[PDB]
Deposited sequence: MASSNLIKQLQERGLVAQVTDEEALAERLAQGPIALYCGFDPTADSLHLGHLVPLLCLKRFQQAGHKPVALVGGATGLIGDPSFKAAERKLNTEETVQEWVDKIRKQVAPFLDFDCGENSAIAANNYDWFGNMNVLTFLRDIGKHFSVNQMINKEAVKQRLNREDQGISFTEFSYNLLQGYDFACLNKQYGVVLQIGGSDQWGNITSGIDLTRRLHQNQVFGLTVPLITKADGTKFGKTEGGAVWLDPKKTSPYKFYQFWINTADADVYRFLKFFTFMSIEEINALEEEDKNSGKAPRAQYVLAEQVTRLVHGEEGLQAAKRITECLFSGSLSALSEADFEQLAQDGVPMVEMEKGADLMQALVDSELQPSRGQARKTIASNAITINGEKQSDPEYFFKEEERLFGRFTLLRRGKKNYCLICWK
């Protein structure tokens, strides 16, 4: 029972007619879908949970359809968003569409027979639909009375100053129609998404019933919450390495709290529930701190960034920890400059004293002198006690980088020129 398995991982927030759906799943393979709107040039961890759920359905023999919102990204989903978003250009949305389609593709199997993945784009049907056709054939089935009371938009109707345009208000109908379209095109009978998408999903179930007279289902995945109450992925943790480096991504998982690590293994990895429970039991019964954060970091970094990406994240982690930077490549230093450690700009010939001031590692030049004399500053992991020390020509790695460290953990990469 796939639904029961997903429930056991904590991956089911809500599900329409659970018995009929589980009966349909047990009968044989179904076609299902999840949509992703292009509101940026990359997906982030928030999007990864339902994307991996598409893969979990596919592993059970079901056929996943990953829709990219070519049309809906030109409209804007207001679902649980406090403010109206500016419209993006057709040109920008198209660029993002191609980037998101290409980022999604490696997470699903496009070559496993009858249940092979499908890439879809709702611009295929909205790009040539007339307004009167939309208002009549689709709009007649929506009650504004019900629409204005939906949890996803109700708060936007409290104050006109923090209101909702007719454009964003119409979004719910567009997503509704997509479900009817995919049902007609591929026999899609299930739509999945994060919990904020419930209302957009249920509109699609109801519309499919009115237009195609078919029974379809919805299933939502919970929005990720931390046990301490703070906002998840607040450092967004992007999937694109040029937005969030494999090193920053790996470190994000390493620093998961003990209260979140087992839930996160369930949500973000393909480890069996038995292996995750064995790992939790081992951490519970070992007289030591948990090791689960290391397993989670390895699993998700390999999944998103491959073995190359995981090996770079570990190599960088190792070199920063050990102090020895000889193993680091220029590409590894580029990850550090991007987002791995705080970084600053400085011209070659600088004394160790002045490097510490602009990096915000020291308040003044007078303080810098005593901190060097106390043998508290390292240059590329080598202890340097001389206050009057100037960096050697071999110390500027790839003629552009030097890693400053004050104490055990305060870093600043200097990007030379």
Quiz item: According to the record, which stretches of the deposited sequence lack C-alpha coordinates?
Solution: 1-4, 240-242
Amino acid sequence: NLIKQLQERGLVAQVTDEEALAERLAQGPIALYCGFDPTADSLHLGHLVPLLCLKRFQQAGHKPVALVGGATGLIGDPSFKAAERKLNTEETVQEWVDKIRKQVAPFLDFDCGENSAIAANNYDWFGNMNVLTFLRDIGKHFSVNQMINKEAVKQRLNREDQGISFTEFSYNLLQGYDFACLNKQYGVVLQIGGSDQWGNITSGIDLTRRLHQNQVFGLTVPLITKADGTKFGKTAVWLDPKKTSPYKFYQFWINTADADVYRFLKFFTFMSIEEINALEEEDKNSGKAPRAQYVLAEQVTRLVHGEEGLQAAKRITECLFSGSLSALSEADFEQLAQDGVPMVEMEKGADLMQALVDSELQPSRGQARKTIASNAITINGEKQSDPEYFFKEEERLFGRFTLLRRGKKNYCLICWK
From here on, numbers count along this sequence of modelled residues.
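Throughout, rigid core stands for the largest set of C-alpha atoms superposing within 1.5 Å between the two forms.
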Quiz item: in 4 other deposited structures of this protein, superposed on the rigid core, which stretch sits farther off in Cα RMS terms, 18-26 or 403-411?
Solution: 403-411
Quiz item: What stretch shows more C-alpha movement in 4 other deposited structures of this protein relative to this form, 55-63 or 387-395, after the core is superposed?
Solution: 387-395
Exercise. Decide, for the other PDB entries of this protein that were compared, whether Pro290 is missing from at least a third of their models.
Key: yes
Quiz item: Out of the other entries of this protein with residues modelled on both sides, is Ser195 skipped in at least a third?
Solution: no
Exercise. Going by the average Cα B-factor in the PDB entry, point out whether 251-259 or 169-177 comes out higher.
Key: 251-259
Quiz prompt | Per the entry, higher mean C-alpha B factor between 332-340 and 262-270 | solution = 332-340
Quiz item: Per the PDB entry, which option out of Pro290, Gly194, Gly233, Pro106 has the greatest Cα B factor?
Solution: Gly233
Quiz item: Highest CA temperature factor in the entry: which of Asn183, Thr89, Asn285, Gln311?
Solution: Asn285
Exercise. Comparing against every modelled residue in the chain, figure out the third that the C-alpha B-factor of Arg159 lands in (lowest, middle or highest).
Key: highest
Self-check item: Modelled-residue ranking by C-alpha temperature factor, third containing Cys319
Solution: highest
Quiz item: Among the modelled residues of its chain, does the C-alpha B-factor of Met346 lie in the lowest, middle or highest third?
Solution: highest
Exercise. Consider only the C-alpha atoms of the modelled residues in this chain, order them by B-factor as the entry records it, and name the third containing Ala20: lowest, middle or highest.
Key: highest
Exercise. Would you check the entry's CA temperature factor for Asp240 and let me know if it's in the chain's lowest, middle or highest third?
Key: middle
